[PDB]
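> Attaching a single structure in structure tokens format; questions to follow.
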Amino acid sequence: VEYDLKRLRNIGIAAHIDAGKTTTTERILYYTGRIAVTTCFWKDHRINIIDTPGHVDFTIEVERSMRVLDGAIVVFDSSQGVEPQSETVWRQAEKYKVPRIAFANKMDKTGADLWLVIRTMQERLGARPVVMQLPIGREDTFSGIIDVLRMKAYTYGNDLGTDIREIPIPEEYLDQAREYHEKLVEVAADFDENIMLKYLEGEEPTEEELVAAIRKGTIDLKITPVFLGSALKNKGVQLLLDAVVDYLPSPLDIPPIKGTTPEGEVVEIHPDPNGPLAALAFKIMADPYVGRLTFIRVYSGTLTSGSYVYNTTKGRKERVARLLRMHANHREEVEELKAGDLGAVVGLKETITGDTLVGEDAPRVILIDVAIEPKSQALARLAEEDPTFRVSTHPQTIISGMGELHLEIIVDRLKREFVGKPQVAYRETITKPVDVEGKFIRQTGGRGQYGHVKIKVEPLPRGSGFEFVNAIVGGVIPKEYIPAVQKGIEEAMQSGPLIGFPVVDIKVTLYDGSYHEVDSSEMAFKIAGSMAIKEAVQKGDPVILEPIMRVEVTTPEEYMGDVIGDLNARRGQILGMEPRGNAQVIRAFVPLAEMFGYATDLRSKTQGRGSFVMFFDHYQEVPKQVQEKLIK
Numbered sequence: 037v038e039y040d041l042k043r044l045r046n047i048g049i050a051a052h053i054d055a056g057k058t059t060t061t062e063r064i065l066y067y068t069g070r071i072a073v074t075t076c077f078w079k080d081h082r083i084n085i086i087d088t089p090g091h092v093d094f095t096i097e098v099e100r101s102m103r104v105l106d107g108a109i110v111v112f113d114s115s116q117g118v119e120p121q122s123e124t125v126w127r128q129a130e131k132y133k134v135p136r137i138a139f140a141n142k143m144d145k146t147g148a149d150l151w152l153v154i155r156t157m158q159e160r161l162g163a164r165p166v167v168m169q170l171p172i173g174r175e176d177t178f179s180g181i182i183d184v185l186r187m188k189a190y191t192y193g194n195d196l197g198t199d200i201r202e203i204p205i206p207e208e209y210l211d212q213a214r215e216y217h218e219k220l221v222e223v224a225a226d227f228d229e230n231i232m233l234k235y236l237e238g239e240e241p242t243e244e245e246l247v248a249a250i251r252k253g254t255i256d257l258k259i260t261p262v263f264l265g266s267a268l269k270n271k272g273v274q275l276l277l278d279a280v281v282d283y284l285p286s287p288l289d290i291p292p293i294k295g296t297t298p299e300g301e302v303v304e305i306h307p308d309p310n311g312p313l314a315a316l317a318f319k320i321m322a323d324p325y326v327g328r329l330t331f332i333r334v335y336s337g338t339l340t341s342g343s344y345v346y347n348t349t350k351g352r353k354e355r356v357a358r359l360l361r362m363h364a365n366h367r368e369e370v371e372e373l374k375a376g377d378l379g380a381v382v383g384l385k386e387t388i389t390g391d392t393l394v395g396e397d398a399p400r401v402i403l404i405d406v407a408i409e410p411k412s413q414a415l416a417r418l419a420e421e422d423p424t425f426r427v428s429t430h431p432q433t434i435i436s437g438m439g440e441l442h443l444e445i446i447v448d449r450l451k452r453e454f455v456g457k458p459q460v461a462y463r464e465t466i467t468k469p470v471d472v473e474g475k476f477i478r479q480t481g482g483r484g485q486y487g488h489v490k491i492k493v494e495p496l497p498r499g500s501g502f503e504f505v506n507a508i509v510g511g512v513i514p515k516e517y518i519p520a521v522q523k524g525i526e527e528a529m530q531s532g533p534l535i536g537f538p539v540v541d542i543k544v545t546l547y548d549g550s551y552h553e554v555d556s557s558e559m560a561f562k563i564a565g566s567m568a569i570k571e572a573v574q575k576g577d578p579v580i581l582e583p584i585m586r587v588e589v590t591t592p593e594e595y596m597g598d599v600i601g602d603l604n605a606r607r608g609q610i611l612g613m614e615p616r617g618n619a620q621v622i623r624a625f626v627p628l629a630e631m632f633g634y635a636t637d638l639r640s641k642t643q644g645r646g647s648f649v650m651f652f653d654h655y656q657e658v659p660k661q662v663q664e665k666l667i668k
């Protein structure tokens with residue numbers, strides 16, 4: 037019993053709200069429960085159920101939720117096969133190469149038609165779908181379910197699961213089954229030579245050969261078997277499981293994961309238990325008891341309760357208090373989880389998500405600027421988890437960073453859990469080298485001040501930051517003020533001549549000036565300094581730098597034209613593109629500003645079938661035609 041790395045099946049139920057990703061799990065658990073990562077046994081196997089983001093988009097949450105599991109059961113709404121949403125899920129599973137099966141749920145709701153699913157899938161996703169079971173009864177008749185592999189029926193006595201009888205296929209369907217059973221028999225052929233020869237003689241192949249040949253084909257990604265049923269009616273839930281055990285991948289089925297080692301080079305992280313440990317934190321949930329817990333996934337070696345781990349992604353060392361195992365009904369305190377498994381590690385700090393943990397003996401390996409900003413308690417705890425955003429000064433309340441309205445996630449993880457102007461982060465920098473001077477003669481009253489300096493600001497390559505230099509020879513400006521100067525210069529940078537945005541990519545070279553043996557002061561040289569600047573800037577054909585964007589739109593081949601079109605209107609610079617299995621993806625450059633509410637446009641331009649993504653790539657000027665407008 038206990039554990040065998042072959043008995044492990046780590047899966048997540050990818051789908052949508054409606055499709056039934058929830059009910060579908062609520063039942064599974066109900067069922068495995070008798071006869072953020074809940075685990076439950078089913079027929080000799082440990083099934084780890086890695087809860088999926090399921091909020092449709094918002095990859096980085098979904099990607100982690102992906103690289104972390106092996107299985108995946110894309111469940112569909114049999115009232116409309118491949119609805120737009122679930123496709124994108126697929127694309128996601130698609131992208132990350134996760135082997136997967138399909139569940140035609142709601143097989144009793146009015147529209148319910150298995151083929152509708154089979155038609156679509158083959159069409160929209162372009163998958164090679166195997167039909168695993170036929171249904172008996174139609175929609176709100178849908179009685180039992182057939183197994184075209186073992187050729188055996190199951191009639192469900194009620195919508196509760198307290199009734200269910202194996203029965204021979206009533207002759208009503210007798211042929212239909214005999215038909216698809218052979219199509220299946222066929223498919224296998226393609227994978228197990230041995231099979232075919234039996235196909236061609238009409239020789240019926242062993243149950244294993246099939247079930248096992250078909251499994252090979254799925255883990256290979258060449259196919260996607262299909263099961264059907266009703267979750268909120270108790271029909272099929274069990275079988276769906278059998279499937280999971282039957283054809284989904286255990287950790288060793290999956291290919292070793294690659295890893296960035298310093299010195300470059302990516303490597304093979306085998307699930308060798310007797311190997312040096314390596315794991316990944318993907319979700320953190322503050323628990324009522326025990327508190328902040330970290331769910332992980334062991335990839336190589338073994339982690340034991342009360343041990344030390346070196347989080348590479350953060351240089352900090354951490355001690356693993358105790359370890360836990362989340363069940364539906366009862367947390368499970370344990371002393372260790374081996375390579376391939378995964379669970380919650382209680383007692384940890386400093387460490388986040390997507391972090392890489394190792395063994396203080398083992399090899400240490402690793403597995404944004406926030407261009408958009410709007411207007412105490414809250415941000416401190418919100419800053420605890422989420423190093424993405426940034427509490428910022430700026431001339432008085434400016435959350436700043438990453439994806440549109442993801443900030444609105446921070447806005448609602450605020451005034452809910454605990455405005456406006458979602459605007460582009462612009463910059464200002466000269467383009468031609470200027471030579472200036474600053475001066476500050478005052479009286480302030482009876483105490484006279486004096487501060488006079490001379491600099492030469494230049495255009496720094498985009499990317500280079502700020503560079504402050506000193507040419508001052510033998511004190512013309514006394515060494516004790518120079519820093520003051522550097523301070524004022526550091527203040528002027530704050531609000532650019534043009535539109536008042538940080539100034540950047542500039543080289544300040546202080547080279548002369550003067551002073552009054554006493555009329556000078558610290559406040560004095562910080563002034564002429566934030567003058568010599570604000571001055572040299574507006575007199576240096578200043579510019580407005582905007583965030584050119586790097587985007588990844590995923591359009592099926594169908595609309596891949598008018599997309600490259602609208603996109604091109606976005607002032608974007610398409611630069612390439614590769615195909616993503618069925619559909620094709622396009623990577624370009626699109627000036628952030630020319631991109632808001634893009635989501636719903638893509639939404640409309642493609643029937644709600646396209647999905648993009650974007651990471652800040654860089655800064656570039658903006659033709660006066662844009663600036664002229666931007667200055668209005």
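Reading the sequence shown from the start, the letters are residues 37 to 668 in the numbering used here.
C-beta: ideal position from N, C-alpha, C; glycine also.
How do the region 403-416 and the region 449-461 stand: do at least 3 beta-carbon pairs fall below 8 Å, yes or no?
At 8 Å Cβ cutoff, the stretches touch.
> Give me, in chain order, the residues of the same chain whose beta-carbon lies closer than 6 Å to that of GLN656; leave out the 5 immediate sequence neighbours on both sides.
Counting from 1 along the sequence shown, the entry for residue 656 is found at position 620. The residues are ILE584.
> Measuring alpha carbon to alpha carbon, tell me which residue in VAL37, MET187 and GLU594 is nearest residue 669.
With the chain covering 37 to 668 only, the question about residue 669 has no answer from this structure.
> DSSP puts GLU354 in a beta bridge; with which residues?
As a first step, residue 354 must be located in the sequence shown, where it is residue number 318. According to DSSP, which records beta bridges pairwise, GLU354 is partnered with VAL345.
> Quick one: residues in its chain with C-beta nearer than 7 Å to the C-beta of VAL401, no 5 flanking neighbours on either side, listed in chain order?
Taking the sequence shown and counting its residues from 1, one reaches residue 401 at position 365. Excluding residues within five positions, the ones whose Cβ falls inside 7 Å are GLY295, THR296, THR297, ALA314, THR348, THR392 and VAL394.
> Can you name the start and end residues of the alpha helix (DSSP H) that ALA314 belongs to?
Indexing the sequence shown from 1 puts residue 314 at position 278. No alpha helix (DSSP H) holds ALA314; the beta strand (DSSP E) holding it covers 314-322.
> With DSSP as the reference, identify every bridge partner of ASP391, one or two as the case may be.
Here residue 391 refers to the residue found at position 355 of the sequence shown. Answer is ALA317.
> How close, in whole Å, do the beta carbons of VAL111 and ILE86 come, if the pair is a contact with beta carbons under 8 Å?
Numbered from its first residue, the sequence shown carries residue 111 at position 75. Numbered from its first residue, the sequence shown carries residue 86 at position 50. 15 Å between Cβ atoms; not a contact.
> Tell me which residue opens and which closes the alpha helix (DSSP H) that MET596 is part of.
As a working note, residue 596 is residue 560 in the sequence shown. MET596 -> no alpha helix (DSSP H), and no H or E assigned at all.
> Under a three-way DSSP split, which group does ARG400 fall into?
Counted from its first residue, the sequence shown places residue 400 at position 364. It is coil, neither helix nor strand.
> Could you check the C-alpha separation between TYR216 and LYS42 for me, to the nearest Å?
Sequence index remark: in the sequence shown, residue 216 carries index 180 (1-based). Sequence index remark: in the sequence shown, residue 42 carries index 6 (1-based). Each residue's Cα considered, the two are about 30 Å apart.
> Pull up the distance between the alpha-carbon of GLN574 and that of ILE518, whole angstroms please.
Position 538 of the sequence shown, counted from the first residue, corresponds to residue 574. Position 482 of the sequence shown, counted from the first residue, corresponds to residue 518. One C-alpha to the other measures close to 23 Å.
> Which residue's Cα is closest to the Cα of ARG174: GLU159, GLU245, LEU233 and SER266?
Reading the sequence shown from its first residue, position 138 is the one you call residue 174. Of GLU159, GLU245, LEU233 and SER266, the residue nearest in Cα terms is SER266.
> What's the C-alpha gap between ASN310 and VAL589?
The count along the sequence shown starts at 1 and reaches residue 310 at position 274. The count along the sequence shown starts at 1 and reaches residue 589 at position 553. Between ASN310 and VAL589, the C-alpha separation is close to 42 Å.
> Under DSSP, the beta strand (DSSP E) around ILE525 begins and ends at which residues?
Here the question's residue 525 lines up with position 489 in the sequence shown. That residue, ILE525, is in no beta strand (DSSP E); its alpha helix (DSSP H) goes 518-528.
> Could you name the residues that DSSP lists as bridge partners for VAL334?
The count along the sequence shown starts at 1 and reaches residue 334 at position 298. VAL334 is bridged to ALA315.
> Can you give, in chain order, each stretch of the beta strand (DSSP E) that sits fully within the region 250-278 and has at least 3 residues?
The region 250-278 contains these whole beta strand (DSSP E) runs: 260-264.
> Counting only runs of 4+ residues fully inside the region 438-520, write out the alpha helix (DSSP H) ranges in chain order.
Within the region 438-520, the complete alpha helix (DSSP H) runs of at least 4 residues are 443-447.
> Taking the alpha-carbon of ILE667 as reference, which of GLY511, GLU207, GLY532 and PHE652 has the nearest alpha-carbon?
One-based indexing of the sequence shown puts residue 667 at position 631. Closest by alpha carbon: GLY532.
> Can you tell me the Cβ-Cβ gap for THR254 and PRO135, rounded? I've got them flagged as a contact below 8 Å.
Indexing the sequence shown from 1 puts residue 254 at position 218. Indexing the sequence shown from 1 puts residue 135 at position 99. About 5 Å; that satisfies the 8 Å criterion.
> Tell me whether the beta-carbon of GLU386 lies closer than 8 Å to the beta-carbon of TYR344.
As a position in the sequence shown, residue 386 is number 350, starting the count at 1. As a position in the sequence shown, residue 344 is number 308, starting the count at 1. Not in contact: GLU386 and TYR344 (Cβ atoms no closer than 8 Å).
> Applying the criterion that 16 or more other CB atoms from any shown protein chain within 10 Å of the CB defines a buried residue, is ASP405 buried or exposed?
Residue 405 sits at position 369 when you count from the first residue of the sequence shown. The residue is exposed, with fewer than 16 neighbouring Cβ atoms inside 10 Å.
> Return the first residue and the last residue of the alpha helix (DSSP H) that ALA560 is part of.
The residue labelled residue 560 in the question sits at position 524 within the sequence shown. Looking at the DSSP string, the run of the alpha helix (DSSP H) that includes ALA560 is 558-563.
> Do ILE49 and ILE109 count as a contact pair if the criterion is CB distance below 8 Å?
Counted from its first residue, the sequence shown places residue 109 at position 73. Counted from its first residue, the sequence shown places residue 49 at position 13. Contact flag set, yes.
> With a threshold of 6 Å on Cβ separation, who are the neighbours of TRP78 within its own chain once the five nearest residues in sequence on each side are excluded?
Counted from its first residue, the sequence shown places residue 78 at position 42. Closer than 6 Å at the Cβ level, and outside the excluded window around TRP78, lie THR68 and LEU277.
> If you drop the 5 nearest sequence neighbours on each side, which residues of the same chain put their C-beta closer than 6 Å to that of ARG367?
In the sequence shown, residue 367 corresponds to position 331, counting from 1. For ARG367, where only same-chain residues beyond five positions count, the Cβ hits under 6 Å are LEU360.
> State yes or no: is the C-beta of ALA520 within less than 8 Å of the C-beta of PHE561?
What you label residue 520 is simply residue 484 of the sequence shown in a count that begins at 1. What you label residue 561 is simply residue 525 of the sequence shown in a count that begins at 1. Yes, the pair counts as a contact, with Cβ atoms nearer than the cut-off.
> How long is the line joining the alpha carbons of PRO410 and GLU421, rounded to whole angstroms?
Taking the first residue of the sequence shown as 1, we reach residue 410 at position 374. Taking the first residue of the sequence shown as 1, we reach residue 421 at position 385. Cα-Cα distance, rounded: 20 Å.
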